[PDB]
Amino acid sequence: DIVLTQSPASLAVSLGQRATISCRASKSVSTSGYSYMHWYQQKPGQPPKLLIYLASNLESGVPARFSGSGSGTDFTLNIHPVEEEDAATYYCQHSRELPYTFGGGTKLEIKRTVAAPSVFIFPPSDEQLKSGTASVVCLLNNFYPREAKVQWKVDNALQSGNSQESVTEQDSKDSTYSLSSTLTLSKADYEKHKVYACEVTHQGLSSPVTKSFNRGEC
Amino acid sequence: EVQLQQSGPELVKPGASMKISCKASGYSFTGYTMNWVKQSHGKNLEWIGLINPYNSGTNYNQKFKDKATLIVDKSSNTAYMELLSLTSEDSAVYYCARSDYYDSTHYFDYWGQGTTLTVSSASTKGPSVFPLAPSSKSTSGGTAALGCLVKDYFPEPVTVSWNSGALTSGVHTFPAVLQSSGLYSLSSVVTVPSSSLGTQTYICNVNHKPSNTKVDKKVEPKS
Amino acid sequence: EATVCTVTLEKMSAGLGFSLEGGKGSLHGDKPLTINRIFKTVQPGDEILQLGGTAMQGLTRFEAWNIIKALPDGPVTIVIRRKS
């Protein structure tokens with residue numbers, strides 16, 4: 001079977017700059033005047049979208065900033081000038097012979113200016129508390145770069161091992177990320193304590209930011 | 001114009017089989033080959049096989065020869081893929097995609113939306129949906145965040161929208177997390193102007209098809 | 001208004017370098033086979049009337065492909081109809 005190797009595995013590129021992604025095939029995919037090599041873009045939650053077919057042809061409706069070139073065993077996808085909505089994973093695919101195969105993908109990050117998160121904390125709802133569990137949620141909204149640190153404290157006791165984080169894909173419009181951190185507590189424990197706090201560290205903050213609430217207050 | 005509509009997500013027990021459908025519209029079904037593709041977290045994108053609906057002629061990836069069977073139904077413009085003796089290795093998103101055999105070009109120019117299959121002996125569980133109420137200390141300036149916590153469901157996926165899709169700007173629906181319990185949870189949040197909190201209604205629409213659980217939860221300033 | 005003319009294409013091992021749409025029993029009923037894409041004399045929207053000795057009237061898209069596959073390598077005479 002033909003193996004497609006993409007390079008790099010990931011890259012970051014500034015707005016208006018040039019992104020270059022390569023695909024190398026384990027043997028030639030050119031024959032009869034064609035190179036049977038195609039390029040796809042995939043954003044989370046969506047199928048791949050065809051960008052370039054037969055190595056260098058632009059699929060209808062695809063913006064002219066995408067182009068491809070190459071032949072034999074070596075191909076390259078170019079995007080220029082790069083825009084916010086090009087944040088995605090890019091894939092190559094050959095149809096030279098059976099079986100058709102795909103490369104491993106290249107994730108493209110759009111660089112932008114440092115942006116500090118807006119931070120929000122959410123107490124457990126009364127509806128949840130009925131069921132014996134309490135979730136406390138800390139949201140970090142629209143920041144860059146992706147690296148962020150979240151620390152939970154309950155009555156100044158550092159919480160370790162009882163929270164989970166989730167991070168969005170890079171936003172297609174402002175190139176930022178968002179992050180939630182969910183602290184899980186039994187209802188009994190939630191009611192034993194008063195101060196609930198999450199502390200956020202990030203490059204865009206001069207000092208750490210804390211959001212907190214006191215249980216039973218508004 | 002062209003649409004490929006796949007059947008819904010499914011939870012299936014190890015050793016069973018299941019069929020995924022792909023209904024084609026907006027073009028001549030028997031004029032183009034239909035491909036099936038697997039996307040997983042192990043090998044990511046893999047081509048399974050294709051079928052020409054004109055004569056049901058097929059080519060398989062040999063890795064899938066004993067796993068997949070392709071058929072079509074001309075009278076309903078539908079392609080089917082049957083997956084046999086399922087294991088957890090078969091848990092993945094599956095896609096149908098159209099290709100053209102003219103000059104053997106076979107690029108995949110139209111795709112179905114994907115079908116999430118989970119192979120597991122655990123049973124289905126619908127989510128509880130809890131509000132993430134906007135803080136009373138939201139700046140009058142100002143911007144407020146609100147959301148809903150979609151907790152303790154199995155299997156993936158869940159879809160969330162806001163105000164029946166009339167609200168999309170500022171929405172963040174997070175990737176689900178797997179809890180130690182073996183159940184998933186996710187949050188969806190949105191930022192809105194603080195001034196709107198008094199007048200505008202915010203409802204998060206949650207759909208978990210594998211348990212047929214559909215919920216509309218109004219999220220209000222507490223209270 | 002439309003012109004019928006004769007053109008010559010090269011049959012390569014893969015095919016003739018275009019894709020057809022339409023034909024018998026296609027989307028909007030029975031329509032002619034037309035070129036909708038040149039994979040890179042003929043142009044998109046050209047109606048194919050004859051490929052070598054085979055008349056295209058009443059053929060499905062797949063039948064037309066088998067006609068193309070059987071064509072010997074080298075030059076192939078083709079009759080098309082083109083608008084205005």
# chains A, B, ... in the order shown; residues from 1 in each chain; ligands from 1
>>> interface_residues(of="chain B", to="chain A", cutoff="7 Å", atoms="only C-alpha atoms", output="list in words")
residues 45, 46, 47, 61, 105, 106, 107, 108, 109, 111, 113, 114, 130, 131, 132, 133, 136, 174, 175 and 177 of chain B
>>> write_last_selection(atoms="N, CA, C and O atoms", output="PDB file, in the first residue's frame")
ATOM      1  N   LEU B  45      -7.605   9.006   9.312  1.00  0.00           N
ATOM      2  CA  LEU B  45      -8.464   8.747   8.129  1.00  0.00           C
ATOM      3  C   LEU B  45      -8.114   7.481   7.299  1.00  0.00           C
ATOM      4  O   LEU B  45      -6.995   7.346   6.787  1.00  0.00           O
ATOM      5  N   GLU B  46      -9.076   6.563   7.156  1.00  0.00           N
ATOM      6  CA  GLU B  46      -8.888   5.339   6.365  1.00  0.00           C
ATOM      7  C   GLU B  46     -10.011   5.093   5.347  1.00  0.00           C
ATOM      8  O   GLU B  46     -11.200   5.136   5.685  1.00  0.00           O
ATOM      9  N   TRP B  47      -9.618   4.774   4.122  1.00  0.00           N
ATOM     10  CA  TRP B  47     -10.562   4.424   3.071  1.00  0.00           C
ATOM     11  C   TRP B  47     -10.995   2.965   3.201  1.00  0.00           C
ATOM     12  O   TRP B  47     -10.158   2.076   3.276  1.00  0.00           O
ATOM     13  N   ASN B  61     -10.830  -1.913   0.445  1.00  0.00           N
ATOM     14  CA  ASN B  61      -9.556  -1.964   1.128  1.00  0.00           C
ATOM     15  C   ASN B  61      -9.473  -3.351   1.775  1.00  0.00           C
ATOM     16  O   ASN B  61     -10.428  -3.796   2.411  1.00  0.00           O
ATOM     17  N   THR B 105     -10.344   9.301 -11.572  1.00  0.00           N
ATOM     18  CA  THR B 105      -9.804  10.414 -10.789  1.00  0.00           C
ATOM     19  C   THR B 105     -10.019  10.216  -9.278  1.00  0.00           C
ATOM     20  O   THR B 105      -9.106  10.460  -8.483  1.00  0.00           O
ATOM     21  N   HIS B 106     -11.203   9.736  -8.905  1.00  0.00           N
ATOM     22  CA  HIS B 106     -11.569   9.456  -7.504  1.00  0.00           C
ATOM     23  C   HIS B 106     -11.024  10.441  -6.460  1.00  0.00           C
ATOM     24  O   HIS B 106     -10.230  10.097  -5.585  1.00  0.00           O
ATOM     25  N   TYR B 107     -11.477  11.677  -6.553  1.00  0.00           N
ATOM     26  CA  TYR B 107     -11.381  12.571  -5.415  1.00  0.00           C
ATOM     27  C   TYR B 107     -12.761  12.603  -4.773  1.00  0.00           C
ATOM     28  O   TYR B 107     -13.768  12.299  -5.421  1.00  0.00           O
ATOM     29  N   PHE B 108     -12.809  12.990  -3.510  1.00  0.00           N
ATOM     30  CA  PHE B 108     -14.058  12.936  -2.770  1.00  0.00           C
ATOM     31  C   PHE B 108     -14.640  14.328  -2.638  1.00  0.00           C
ATOM     32  O   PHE B 108     -14.287  15.057  -1.719  1.00  0.00           O
ATOM     33  N   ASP B 109     -15.521  14.705  -3.560  1.00  0.00           N
ATOM     34  CA  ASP B 109     -15.949  16.096  -3.646  1.00  0.00           C
ATOM     35  C   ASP B 109     -17.176  16.386  -2.803  1.00  0.00           C
ATOM     36  O   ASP B 109     -17.384  17.542  -2.432  1.00  0.00           O
ATOM     37  N   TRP B 111     -19.361  14.910   0.795  1.00  0.00           N
ATOM     38  CA  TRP B 111     -19.278  14.039   1.975  1.00  0.00           C
ATOM     39  C   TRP B 111     -20.573  14.048   2.777  1.00  0.00           C
ATOM     40  O   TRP B 111     -21.247  15.068   2.838  1.00  0.00           O
ATOM     41  N   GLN B 113     -22.396  13.861   6.639  1.00  0.00           N
ATOM     42  CA  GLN B 113     -22.027  14.627   7.833  1.00  0.00           C
ATOM     43  C   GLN B 113     -21.271  13.779   8.859  1.00  0.00           C
ATOM     44  O   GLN B 113     -20.776  14.305   9.857  1.00  0.00           O
ATOM     45  N   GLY B 114     -21.175  12.473   8.611  1.00  0.00           N
ATOM     46  CA  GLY B 114     -20.505  11.568   9.532  1.00  0.00           C
ATOM     47  C   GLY B 114     -21.504  10.876  10.449  1.00  0.00           C
ATOM     48  O   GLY B 114     -22.554  11.441  10.753  1.00  0.00           O
ATOM     49  N   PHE B 130     -28.038  21.188  33.224  1.00  0.00           N
ATOM     50  CA  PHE B 130     -28.109  22.159  34.313  1.00  0.00           C
ATOM     51  C   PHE B 130     -27.696  23.533  33.832  1.00  0.00           C
ATOM     52  O   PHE B 130     -26.777  23.665  33.024  1.00  0.00           O
ATOM     53  N   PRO B 131     -28.362  24.580  34.333  1.00  0.00           N
ATOM     54  CA  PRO B 131     -28.008  25.922  33.865  1.00  0.00           C
ATOM     55  C   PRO B 131     -26.685  26.418  34.460  1.00  0.00           C
ATOM     56  O   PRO B 131     -26.358  26.103  35.599  1.00  0.00           O
ATOM     57  N   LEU B 132     -25.911  27.144  33.668  1.00  0.00           N
ATOM     58  CA  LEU B 132     -24.806  27.930  34.199  1.00  0.00           C
ATOM     59  C   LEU B 132     -25.274  29.374  34.212  1.00  0.00           C
ATOM     60  O   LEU B 132     -25.131  30.095  33.222  1.00  0.00           O
ATOM     61  N   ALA B 133     -25.853  29.787  35.336  1.00  0.00           N
ATOM     62  CA  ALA B 133     -26.525  31.083  35.416  1.00  0.00           C
ATOM     63  C   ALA B 133     -25.558  32.270  35.349  1.00  0.00           C
ATOM     64  O   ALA B 133     -24.467  32.232  35.919  1.00  0.00           O
ATOM     65  N   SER B 136     -24.711  37.649  38.972  1.00  0.00           N
ATOM     66  CA  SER B 136     -25.363  38.887  39.365  1.00  0.00           C
ATOM     67  C   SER B 136     -24.366  40.051  39.401  1.00  0.00           C
ATOM     68  O   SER B 136     -24.762  41.210  39.351  1.00  0.00           O
ATOM     69  N   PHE B 174     -17.897  23.084  24.290  1.00  0.00           N
ATOM     70  CA  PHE B 174     -16.619  22.418  24.534  1.00  0.00           C
ATOM     71  C   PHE B 174     -16.660  20.935  24.170  1.00  0.00           C
ATOM     72  O   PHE B 174     -17.724  20.304  24.242  1.00  0.00           O
ATOM     73  N   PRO B 175     -15.506  20.378  23.761  1.00  0.00           N
ATOM     74  CA  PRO B 175     -15.389  18.925  23.594  1.00  0.00           C
ATOM     75  C   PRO B 175     -15.760  18.225  24.905  1.00  0.00           C
ATOM     76  O   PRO B 175     -15.375  18.703  25.969  1.00  0.00           O
ATOM     77  N   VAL B 177     -15.820  15.594  28.019  1.00  0.00           N
ATOM     78  CA  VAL B 177     -14.780  14.920  28.778  1.00  0.00           C
ATOM     79  C   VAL B 177     -15.337  13.599  29.262  1.00  0.00           C
ATOM     80  O   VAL B 177     -16.540  13.472  29.518  1.00  0.00           O
TER      81      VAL B 177
END
>>> interface_residues(of="chain B", to="chain C", cutoff="8 Å", atoms="only C-alpha atoms", output="ChimeraX atom specification")
/B:26-28,31,54,102-104
>>> write_last_selection(atoms="N, CA, C and O atoms", output="tab-separated table (two decimals), in the first residue's frame")
chain	number	residue	atom	x	y	z
B	26	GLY	N	-29.90	15.49	-5.09
B	26	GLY	CA	-29.32	16.58	-5.84
B	26	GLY	C	-28.37	16.16	-6.95
B	26	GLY	O	-27.74	17.00	-7.59
B	27	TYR	N	-28.24	14.86	-7.20
B	27	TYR	CA	-27.48	14.40	-8.36
B	27	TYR	C	-27.96	13.01	-8.74
B	27	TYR	O	-28.78	12.43	-8.03
B	28	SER	N	-27.47	12.47	-9.86
B	28	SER	CA	-27.85	11.12	-10.28
B	28	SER	C	-27.12	10.05	-9.48
B	28	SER	O	-25.93	9.80	-9.69
B	31	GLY	N	-24.97	7.41	-11.05
B	31	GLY	CA	-23.95	7.93	-11.95
B	31	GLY	C	-22.55	8.04	-11.37
B	31	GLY	O	-21.59	8.25	-12.10
B	54	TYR	N	-24.62	1.67	-9.94
B	54	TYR	CA	-25.19	1.23	-11.21
B	54	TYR	C	-25.32	-0.28	-11.29
B	54	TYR	O	-26.33	-0.81	-11.74
B	102	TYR	N	-14.66	8.71	-13.77
B	102	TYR	CA	-14.14	9.20	-15.05
B	102	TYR	C	-12.66	9.53	-14.91
B	102	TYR	O	-12.25	10.23	-14.00
B	103	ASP	N	-11.88	8.96	-15.83
B	103	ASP	CA	-10.42	8.97	-15.84
B	103	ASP	C	-9.82	8.46	-14.53
B	103	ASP	O	-8.68	8.77	-14.19
B	104	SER	N	-10.60	7.65	-13.81
B	104	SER	CA	-10.20	7.07	-12.53
B	104	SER	C	-9.75	8.12	-11.52
B	104	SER	O	-8.88	7.86	-10.68
>>> select_by_dssp(residues="stretch 44-175 of chain A", states="helix (DSSP H, G or I)", output="list in words")
residues 84, 85, 86, 126, 127, 128 and 129 of chain A
>>> write_last_selection(atoms="C-alpha atoms", output="compact mmCIF listing (two decimals), in the first residue's frame")
# COMPACT_ATOMS: atom_id res chain seq x y z
CA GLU A 84 -8.25 33.39 10.26
CA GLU A 85 -10.69 30.84 8.90
CA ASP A 86 -7.83 28.68 7.56
CA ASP A 126 -29.91 24.09 42.94
CA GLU A 127 -31.35 21.57 40.48
CA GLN A 128 -28.06 19.65 40.44
CA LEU A 129 -27.68 19.78 44.23
>>> select_by_dssp(residues="stretch 28-216 of chain B", states="strand (DSSP E)", output="ChimeraX atom specification")
/B:33-39,45-52,57-60,68-73,78-83,92-99,110-111,115-119,128-132,143-153,159-162,171-173,177-178,184-193,203-208,213-216
